[PDB]
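To start, the structure under review is shown below, and the notes come after it.
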Amino acid sequence: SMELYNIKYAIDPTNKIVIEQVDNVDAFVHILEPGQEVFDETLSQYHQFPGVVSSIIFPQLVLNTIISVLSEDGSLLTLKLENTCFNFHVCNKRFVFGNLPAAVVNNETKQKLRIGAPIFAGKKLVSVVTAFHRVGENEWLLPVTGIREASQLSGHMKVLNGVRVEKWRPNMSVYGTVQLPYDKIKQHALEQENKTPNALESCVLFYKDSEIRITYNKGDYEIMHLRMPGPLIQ
Amino acid sequence: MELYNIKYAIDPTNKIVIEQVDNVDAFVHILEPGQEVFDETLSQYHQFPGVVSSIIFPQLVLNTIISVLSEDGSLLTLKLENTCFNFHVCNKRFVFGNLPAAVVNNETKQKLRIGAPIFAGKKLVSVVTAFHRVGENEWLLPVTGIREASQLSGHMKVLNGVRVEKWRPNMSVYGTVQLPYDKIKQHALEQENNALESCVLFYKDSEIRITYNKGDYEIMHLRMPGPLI
Ligand SMILES: Nc1nc(=O)c2ncn([C@@H]3O[C@H](CO)[C@@H](O)[C@H]3OP(=O)(O)OC[C@H]3O[C@@H](n4cnc5c(N)ncnc54)[C@H](O)[C@@H]3OP(=O)(O)O)c2[nH]1
Ligand SMILES: Nc1nc(=O)c2ncn([C@@H]3O[C@H](CO)[C@@H](O)[C@H]3OP(=O)(O)OC[C@H]3O[C@@H](n4cnc5c(N)ncnc54)[C@H](O)[C@@H]3OP(=O)(O)O)c2[nH]1
């Protein structure tokens with residue numbers, strides 16, 4: 001396999017980078033698609049950050065520092081972590097999510113990047129390419145997943161029935177499983193008790209370009225409501 | 001008294017009472033950091049960390065300038081350059097978030113009453129709710145309101161309050177416990193769901209963690225910036 005800085009890597013039949021070793025120690029780095037749900041009990045022993053199951057810790061970065069990514073041309077591309085991006089997956093009924101530091105690339109640059117391309121800070125691996133989010137014409141967001149950046153948020157929650165993602169419509173407030181006008185949500189919230197017959201647990205993610213809402217519910221009763229920056233990677 | 005678009009008074013506890021905003025009768029009730037209250041009359045109003053309010057405290061932008069009413073009636077101009085985490089519990093509802101904050105010294109903090117109206121563009125946008133000591137002569141002043149675009153807010157129903165715990169140096173967090181990573185990892189893979197619901201907030205100077213649990217089983221784990229007030 002090929003060696004670069006402190007890693008060894010290979011390439012998938014799906015044109016995806018496979019991280020084989022880091023610091024001369026055998027490694028496991030498994031990339032998940034945005035919002036993908038998988039079930040595989042073998043994955044729970046490893047670390048998880050949004051979009052990756054990894055045997056190696058992807059360490060905390062700082063916004064506005066410079067990282068390097070391996071390009072399809074064997075070169076290193078230097079990028080500044082100027083934006084943020086929200087990504088998630090579901091692995092063994094655990095919703096793993098967070099807002100990640102992100103770089104910005106044009107159409108030409110994105111296509112030179114493989115899903116899995118190692119990302120370096122200094123000459124040490126700090127992350128891998130996991131996803132691309134289109135932020136308009138000739139512009140993409142490149143999240144750098146890993147341990148929560150100091151100013152950001154990360155987390156997980158057990159979701160028995162997955163994560164149902166819903167487009168967040170204009171003029172709607174959010175309670176539990178519904179988005180409705182505020183005056184209605186205010187009446188509904190003060191109305192709801194934890195008494196839904198045959199109440200199943202739910203997790204809902206509502207999204208607009210700027211903001212994400214996550215609720216955790218038992219039946220129609222809202223247990224948690226979290227508001228956080230966007231955007232979401234489809 | 002009047003100032004800009006508000007009318008205000010003073011409490012027996014030296015706390016500012018907002019009486020009307022835009023000539024409409026107002027209700028602004030300031031809660032202490034982490035305070036738990038129960039009063040069914042509060043649930044009809046808006047709630048942002050540290051305040052129950054009949055008026056919306058709108059979204060602000062970090063690094064913009066706000067003005068605060070001083071004890072002497074003058075306006076002090078401050079820049080929203082920092083953040084800090086605050087919360088309360090009202091009617092078994094944990095209301096929390098990271099708020100934009102200014103930095104003040106001892107002399108300035110002492111000129112500020114809890115409840116002091118905060119203005120942006122000659123309009124009320126918030127009230128003084130809390131002070132968090134940074135150092136000897138340094139304080140953080142949260143400006144509560146609708147979540148700033150880059151930060152987080154939320155709520156959750158907590159039947160048994162919020163347990164606040166100091167977060168120890170080398171400990172990872174699962175559910176109700178903080179333990180070394182190797183045990184937390186095994187414990188997490190151990191859990192499966194007379195189990196009571198729980199909410200725990202572990203705090204460090206830089207970072208805060210909230211867990212929501214059913215007995216010993218962790219349902220949710222949130223990591224977010226600190227500090228806590
Ligand atoms: N993944 C991750 N994202 C972050 O943003 C982050 N910020 C700090 N840290 C800490 O750095 C070390 C990372 O290894 C840990 O000390 C971790 O502290 P913690 O975040 O306090 O510990 C909870 C552990 O416990 C893990 N688990 C929790 N529940 C489960 C579960 N059901 N199944 C499998 N693992 C579970 C949980 O994912 C996790 O461990 P992992 O790193 O292995 O992911 C982070 N970790
Ligand atoms: N409080 C608050 N903090 C923020 O950071 C924020 N960012 C946007 N918004 C929206 O701005 C308008 C402000 O009113 C609302 O449209 C709100 O949309 P939403 O945040 O999507 O709606 C859920 C409603 O519903 C309220 N409820 C939810 N549960 C309860 C409950 N048990 N009892 C009483 N009220 C409950 C919940 O507090 C809430 O209403 P409040 O405005 O009063 O805060 C925010 N609101």
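Letters A, B, ... mirror the listed sequences (proteins, then strands); counts begin at 1.
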Checking side-chain polar atoms at under 3.5 Å, does [X] have a donor or acceptor matched by the opposite partner on [Y]?
X: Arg134(A); Y: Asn107(A); value: yes
X: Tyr221(A); Y: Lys157(B); value: yes
X: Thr84(A); Y: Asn99(A); value: no
X: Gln179(A); Y: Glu166(A); value: yes
X: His88(B); Y: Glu32(B); value: no
X: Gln47(B); Y: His155(B); value: no
X: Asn217(A); Y: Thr177(A); value: no

Min side-chain heavy-atom separation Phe131(B)-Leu112(B) under 4.5 Å: yes
In the structure I gave you, are the side-chain heavy atoms of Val177(B) and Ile184(B) within less than 4.5 Å of one another anywhere? yes
Could you work out, with side chain to side chain donor-acceptor pair (under 3.5 Å) as the rule, every residue matching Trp168(A), not counting sequence neighbours? none
Has [X] got a side-chain atom pairing as donor or acceptor with [Y]'s backbone, closer than 3.5 angstrom?
X: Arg94(A); Y: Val96(A); answer: no
X: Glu148(B); Y: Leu62(B); answer: yes
X: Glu37(A); Y: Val90(A); answer: no
X: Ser67(B); Y: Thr77(B); answer: no
X: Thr196(A); Y: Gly219(A); answer: no
X: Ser126(B); Y: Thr144(B); answer: yes
X: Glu218(B); Y: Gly175(B); answer: yes
X: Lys214(B); Y: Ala195(B); answer: yes
X: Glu82(A); Y: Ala103(A); answer: no
X: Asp11(B); Y: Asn14(B); answer: no

Before you tell me yes or no, could you show the steps for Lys167(A) and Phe206(A) under side-chain contact (heavy atoms from CB on, under 4.5 Å), namely the whole-Å CA-CA distance, both residues' side-chain angles and the distance that decides it to 0.1 Å? CA-CA 6 Å; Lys167(A) 233 177 292 189; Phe206(A) 310 77; over 6 Å; no
Is the number of heavy atoms from other residues, nucleotides or ligands under 6.0 Å of [X] [atom1] greater than 12?
X: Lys92(B); atom1: NZ; result: no
X: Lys186(A); atom1: NZ; result: yes
X: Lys208(A); atom1: NZ; result: yes
X: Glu41(A); atom1: CD; result: no

Mind checking whether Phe94(B) and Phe87(B) have parallel, tilted or perpendicular rings, split at 30° and 60°? perpendicular
Should the ring pair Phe49(A) and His47(A) be called parallel, tilted or perpendicular, given that the plane angle runs from 0 to 90° and is split at 30 and 60? parallel
Which atoms form the tightest heavy-atom contact between [X] and [Y], and what is the distance?
X: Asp39(B); Y: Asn91(B); answer: N-OD1, 2.7 Å
X: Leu142(A); Y: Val105(A); answer: CD1-CG1, 4.2 Å
X: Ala26(B); Y: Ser54(B); answer: CA-OG, 3.4 Å
X: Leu100(A); Y: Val144(A); answer: CB-O, 4.0 Å
X: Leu160(A); Y: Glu201(A); answer: N-OE2, 2.9 Å
X: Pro117(B); Y: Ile16(B); answer: CD-CG2, 4.1 Å

Check: residues 219-229 of chain B side-chain donor-acceptor pairs under 3.5 Å, at least two apart:
{"unit_1": "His221(B)", "atom_1": "NE2", "unit_2": "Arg209(B)", "atom_2": "NH1", "d": "3.1"}
{"unit_1": "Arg223(B)", "atom_1": "NH1", "unit_2": "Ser154(A)", "atom_2": "OG", "d": "2.8"}

Can you check side chain to side chain donor-acceptor pair (under 3.5 Å) on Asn161(A) and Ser202(A), steps first, answer last? CA-CA 6 Å; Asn161(A) 293 308; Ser202(A) 190; over 6 Å; no
To the nearest 0.5 angstrom, please state how far the CD1 atom of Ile214(A) sits from the SG atom of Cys203(A). 6.0 Å
Interatomic spacing from CZ in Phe119(B) to CD1 in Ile6(B) - rounded to 0.5 Å: 4.0 Å
Worked verdict on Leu79(A) versus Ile66(A) for side-chain contact (heavy atoms from CB on, under 4.5 Å): CA-CA 6 Å; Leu79(A) 300 169; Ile66(A) 297 286; over 6 Å; no
Both conditions, 6.0 Å and 45 degrees, for the charged tip of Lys122(B) above the ring of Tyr4(B): are they met here? no
Candidate pair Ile118(B) and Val127(B), rule side-chain contact (heavy atoms from CB on, under 4.5 Å), full reasoning: CA-CA 5 Å; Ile118(B) 298 172; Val127(B) 292; 5.7 Å; no
